[PDB]
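Q: enclosed are the sequence and the experimentally obtained structure.
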Amino acid sequence: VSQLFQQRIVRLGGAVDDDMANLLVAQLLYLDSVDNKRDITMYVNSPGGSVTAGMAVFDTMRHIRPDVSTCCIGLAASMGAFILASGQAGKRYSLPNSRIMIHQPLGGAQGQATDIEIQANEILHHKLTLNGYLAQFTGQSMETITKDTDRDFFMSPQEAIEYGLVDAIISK
Amino acid sequence: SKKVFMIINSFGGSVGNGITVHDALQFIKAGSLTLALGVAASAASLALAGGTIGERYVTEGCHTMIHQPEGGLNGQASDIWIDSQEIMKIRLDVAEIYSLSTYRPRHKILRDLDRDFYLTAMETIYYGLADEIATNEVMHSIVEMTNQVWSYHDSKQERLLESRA
Amino acid sequence: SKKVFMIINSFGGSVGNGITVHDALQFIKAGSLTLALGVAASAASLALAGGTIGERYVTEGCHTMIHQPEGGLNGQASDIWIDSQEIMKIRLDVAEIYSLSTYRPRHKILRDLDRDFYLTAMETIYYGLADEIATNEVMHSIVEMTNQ
Amino acid sequence: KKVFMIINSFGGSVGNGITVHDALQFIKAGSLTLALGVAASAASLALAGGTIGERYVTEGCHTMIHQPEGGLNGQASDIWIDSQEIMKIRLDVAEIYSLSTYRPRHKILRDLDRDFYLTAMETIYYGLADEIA
Amino acid sequence: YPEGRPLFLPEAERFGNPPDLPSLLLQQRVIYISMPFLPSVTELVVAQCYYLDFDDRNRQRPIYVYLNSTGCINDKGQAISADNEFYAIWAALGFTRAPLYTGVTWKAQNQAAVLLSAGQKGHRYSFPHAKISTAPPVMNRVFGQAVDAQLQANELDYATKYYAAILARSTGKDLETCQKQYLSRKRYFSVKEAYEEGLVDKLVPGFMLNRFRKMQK
Amino acid sequence: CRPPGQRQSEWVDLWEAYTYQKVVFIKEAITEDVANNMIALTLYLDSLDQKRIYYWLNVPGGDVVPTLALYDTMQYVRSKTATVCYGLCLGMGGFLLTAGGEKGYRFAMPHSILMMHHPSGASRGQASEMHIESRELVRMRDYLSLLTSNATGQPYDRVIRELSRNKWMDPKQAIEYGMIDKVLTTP
Amino acid sequence: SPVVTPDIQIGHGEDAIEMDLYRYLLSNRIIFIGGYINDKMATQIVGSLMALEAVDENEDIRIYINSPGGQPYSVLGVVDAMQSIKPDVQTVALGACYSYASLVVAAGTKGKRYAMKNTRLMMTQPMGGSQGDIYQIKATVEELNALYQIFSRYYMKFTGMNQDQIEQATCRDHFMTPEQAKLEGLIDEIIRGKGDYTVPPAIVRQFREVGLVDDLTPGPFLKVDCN
Amino acid sequence: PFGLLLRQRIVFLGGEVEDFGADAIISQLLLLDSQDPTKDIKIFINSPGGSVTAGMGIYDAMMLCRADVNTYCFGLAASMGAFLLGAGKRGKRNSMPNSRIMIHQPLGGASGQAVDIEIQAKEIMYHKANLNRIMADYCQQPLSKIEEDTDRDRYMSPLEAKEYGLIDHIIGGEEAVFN
Amino acid sequence: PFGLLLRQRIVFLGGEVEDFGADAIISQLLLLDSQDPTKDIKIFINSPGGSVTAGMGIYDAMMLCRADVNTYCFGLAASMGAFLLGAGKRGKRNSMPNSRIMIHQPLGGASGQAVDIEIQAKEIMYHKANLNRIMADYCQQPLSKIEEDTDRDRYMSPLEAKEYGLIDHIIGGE
């Protein structure tokens, strides 16, 4: 898997947690430092993950002074699809038979009754942060993003272009 | 007499066990009084509505809850479609009993079964799951109602202890 | 109470327990009537053959499964040679019971005992493990004789 | 009137043997102790705690005599306090046996060093029993 | 030395009520099955019909059988028991001269469902919100050779032939019709369309809705 | 103790035969479930008659909170009590020896193993609630030492220094320390 | 090895260090089969067979087999790939063979099937398990009959025996000595030591079946009358 | 070893198909297409199953390859490898003469909310509908006949796989195939 | 990966702060000051918390070096990285606009005697009073409001963290 590092390809595989997010931004610090003109293509394949782990890789891609390219491989369930929509307009690619799922992220509330209400406000703040940023990436209204994110909704790659998740597909 | 007095206290349980104790209280010839205490889950709210209309009471501390049918599914692709349609039949079943007993249309109840939501004592009388608020005053009537129906069997018990002595 | 009635409905167990129930039914002076329900395993068919010949009843849904007993344990080299001669002697011991009660030859019992052999209600009467097909009348006389 | 019990034990703590020892001398009447099979350290305290002249033993019975055992773990200070506990318990059960066997106490601590087993013959010579049943 | 004769309802009414809840149901000739078909629970139901046919005076009162179990197949799909245990149930229940009134509370999974239609015709009682399922049975974990899988295929061959013979006598269909309709796939049945199919006939006796009682008042 | 006995004409269990004879037996450790049966037994014998209650202990240790439930019922009742020791009382079981019967009613066998130590506890979580449970364990430590100082006549400053570490007593030292009253003889 | 197995290799040179033991033996056209034959190591033996195919098309690829069994489809994929290559394959049997490793040593070319003196060979019908409904029970017996019919005509091509001798041998658990497997046609040459001609007890039972040795004259063989 | 077959443009698909094992084959498939878009790529499929999400990425990777692909089936092909067997170029599909082919629908578990069950119930039906219409293109078979053969959980010998349209050629001259 | 940026003084506090995990951070911190004491050392923060004595070991080791210290927070910092976020000097404490800042008091542990409970009680009472003196230094906040902020759990946005004194700048401006 070391041959992809010289071709400026990073791999987003499995559920995103703290040690994977530290390794993923470490590869992003090196690929922009060797060249600030060529893009970085990322193969996203994730079934979900933590709330703060997906937000730790979202902001560092916006700091890359050249654009990036995101290609869906197989499936992105409620955490990888947010990484797809945060890419550059005109560089969001996907497989023709892939799958895009948009859902609110998982997360628990362990502690006191005063503690579980003050930490659920952060989850309600995470829902306004995720749906607030996703509405600016797809160009749709604020109501339609908060309407379908409560339950799991799978999206075909053909209907993902008209909705605004991806920009094009690689058929060849 | 022939009255049946059941107490309602359950925070969980399967949805199918609540429908069995519902129709077990329907085919009784005499009346039935249901008193809800603590909570009313999906198995307990069907037992609360199974009583005779006019004798259903919910305390201020009790909280009625409407829950979707939870189930465990495992099989092939042909077997995963037939049992998931049964969940649509159970959701049609618990919305039917909630419609015929609470004077409510089926469309407004089915807009409540997609998400779990807890109810209070004031929303229980407004929806129609109960009839009166079980305050401290009407609770004294429940004490005197269960005293006459138990002394009707205890009067025969008092005659058997005196005959044995 | 000159006759006893024991309903046989079990999946069977060890072969040593099936020997004791067969030897005890052929020892008492009173009659022994055996009726099977469901199946008759290796520990249960010895109680089926342990009854007296003439009053062994099986129903239409009744089956019969005959097989050689399992066992074995871990040990030294010569310790396995001792118990393997015992399992071969127990397998010949249950073959003597099936050849005496059903009047079958000894070489044909071990051929059916080599594999898991299942029997229906029809071929159990033809083999010799039972006597006739049970019905309502063969057990209506059972429940009325035990009342006095 | 006279208590009659069967002694049969192969294990157990010796602290429970002191509870059944003092309970036998609490009875005003005599006691008949008849040991069968195995007699452990908790069982030999009830065997020696009976009345002198009525302690029976069979031909195949044996008596296990050994020091107390315990499990110690924790801070450094309470190990030293509990080290004197197991020492004086071993000195307590030596004085329990010394009231019946009429032997000097320094020879019993040498037999209490390791595990000590007795057959039916030398049990009478060591004073744990009286005669053979 | 005296004989321990049993007492029945024309004789034991002076000895008081039974203390435990299964003994009230045994005096009322009602068998309530709330447990799946385990080897522990099948021994009591054989002794129950043996007790009802022991010293009954009239021997003509209908026996009420209330079933609520998974049969031998659990919700996950594996076999917690085998299909041969049901053959001891129907041979012992149908022995008595009394008619068999069968009822269902909630569920009947592929072994209790064929016993539901096996009762007396014209009195199949059922709750109006129960679930009925007829599927072909499965076998437990068997590790054998090629000829060992053939003899296990013959055991399930006799299972579909015996279960369709009960449904042909109840619903009034052919032998191959009940194998194609019921014993092919894992399907489910409601209460309303099972009356048109022929599984049940009526509801429980004395059933009345609490809202329909308010309409009378 | 599994075979039962008789009271006057019928079969009754051995621990319940001494309950009618006003003798209480404690053989297992002091836990939350067995302490609910002991403090319900003290109120039952107090309602019937007013005589001296006998407690035979075999406690090898236990918790702190259910032991204080049995200690407070000794002073609440209007009857008298007497604690007699056979076997061993370790941990909080040795504190119940000095519960009542201070006026010459604390008996013990000559080979009883006694044990006195400070109580313990464990509760983790937030650092702010760790200060509150530390105040509860401190207030339980000195209060348990104040009751042993008044019952045995020992000074309060000596119980804090000695019972903080491991301390074991034989019945020869239990007389001079005021922990027991008399020693049981052979009859 | 109960706790750990160290890397038993040797690489030594005057200037550079060489590879480990299994990499050096693979370069000399020698393949080792060890452990359970699952789907993971099945691609290792087939993939090394395709690696040495592109190096040379005429040299004899040697495969060393030492396995107590394996998956029935994973051991099926190594036989038909071994028969669909250009050069001949010299098979050497190591340790024991339990109903799947005895097939790959019999699948070698004629005249190159070499077995050792104390090798254990075994041939049986394939096993399996029943699963669920009767539509899968009938699929299971049709699968076990398909695996039995494929493995039946494998031994007919490599040994040249009759189908009645295979059904009488694979009915129960039959363990074969290489002296007995040489008569059956599974192997081609017996490997012995420096004049090692000891008689195994399977041939002493075979000599008792034909009437060459009795209890009175046991000969210079081991004792067998202790049954 | 495996690196000797990589420079000769031959990859291996062995073991159970997982998400970690999916992108390892996709990353090396695009490297061979960028090096030489004219030379064919030979694959070897030996899989006893896999997920329907990661298995479709291998099918889209072979459709993304501009060069022709060659398939080889050895060992097992159970419900995922048989779909990747026929998905290659027609006329260049070979296999072993005794390898087994299993055409069956994928599996899946469902749990959770009542609205959550009906989403994944029609999702695995849409996966069943998409896998049937894709496999019916290169087989030259009608849709009603190919949708009922995948319901039967019975393996397929390579003798009847040739006229079925799933495979083109058999290595061995088509006489070594045993029934 | 991590070794390709370790030569330019890049420290990643990934994962939970344990006895072995924090020791790898301390042992690499002494390497960077010994080779060059004039250039700055960058420390990245992405950790959901950790131990009390181990997480304190990163703060005093960063104060041991004589060079400059830059600290950046990625994702979530829960009472161990958030205390280490403001541990650097003023002016070079930058943070991401979407990173969560969690303020929480540390935990404790005791198992033995009741006199061993009060030893660990005053041991964590000393650690609570220690960090309130440190956190009030680089934030210019009084001790009255900084003790109640550590009482309850509070997830803080970097918009209000700039005026609180914990961070200094925001990367990106918005």
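A: Cool, got the structure. Residues are numbered from 1 along each chain as shown, chains lettered A, B, ... in the order given.
Q: just checking, residue H:17 touches residue H:80?
A: Yes. Residue H:17 is within contact range of residue H:80, at 5.5 Å (criterion: Cβ atoms under 8 Å). For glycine as for every other residue, the C-beta is placed from the backbone atoms N, C-alpha and C.
Q: hey, where'd the helices end up in chain H?
A: Under the criterion DSSP state H, helices of chain H are mapped to H:2-7, H:19-35, H:52-64, H:81-86, H:114-135, H:143-149, H:160-164.
Q: okay, those in JSON lines with distance to chain F and mean neighbour count next?
A: Shown next, in JSON lines, are these (distance: least, Cβ to the nearest Cβ, whole Å; neighbours: other Cβ atoms under 10 Å in any protein chain shown):
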{"stretch": "helix H:2-7", "distance to chain F": "52", "mean neighbour count": "13"}
{"stretch": "helix H:19-35", "distance to chain F": "38", "mean neighbour count": "17"}
{"stretch": "helix H:52-64", "distance to chain F": "41", "mean neighbour count": "21"}
{"stretch": "helix H:81-86", "distance to chain F": "53", "mean neighbour count": "24"}
{"stretch": "helix H:114-135", "distance to chain F": "34", "mean neighbour count": "18"}
{"stretch": "helix H:143-149", "distance to chain F": "59", "mean neighbour count": "13"}
{"stretch": "helix H:160-164", "distance to chain F": "65", "mean neighbour count": "15"}
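Q: so which residues of chain E form helices?
A: Under DSSP H, chain E gives helices at E:21-27, E:42-52, E:85-93, E:112-116, E:146-171, E:175-181, E:192-197, E:210-216.
Q: pull out the buried positions in stretch B:82-89.
A: Across stretch B:82-89, burial judged by 16 or more other Cβ atoms under 10 Å in any protein chain shown covers B:82-84, B:86-87.
Q: give me the neighbour count for residue E:142.
A: 17 (other Cβ atoms under 10 Å in any protein chain shown).
Q: please name the strands paired to the longest strand belonging to chain E in the sheet, noting orientation.
A: Using DSSP state E, we find that the single longest strand of chain E is strand E:100-108. Counting by DSSP bridges, the strands paired with strand E:100-108 are strand E:63-69 (parallel), strand E:125-126 (parallel).
Q: which residues sit against the last one?
A: Counting contacts by Cβ atoms under 8 Å, 6 or more residues apart in numbering or on different chains, the residues outside strand E:125-126 that touch it are E:101-104, E:116, E:191, E:194, E:200, E:202-205.
Q: what's in contact with stretch B:16-27?
A: The contact list for stretch B:16-27, computed with Cβ under 8 Å, 6+ apart, reads B:4, B:6, B:32, B:34, B:41-47, B:49-51, B:90, B:93-94, B:97, E:68, E:105-107, E:127-129, E:131, E:204-210.
Q: from the residues you listed, which land in strands?
A: Residues from those lying in strands, with DSSP E as the criterion: B:4, B:6, B:32, B:34, E:68, E:105-107.
Q: and the residue of chain B nearest chain I?
A: Nearest to chain I in chain B, going by Cβ to the nearest Cβ, is residue B:118, at a distance of 24.7 Å.
Q: ok, which of the buried residues of stretch B:82-89 also contact chain H?
A: B:84, B:87 (Cβ under 8 Å from any Cβ of the partner chain).
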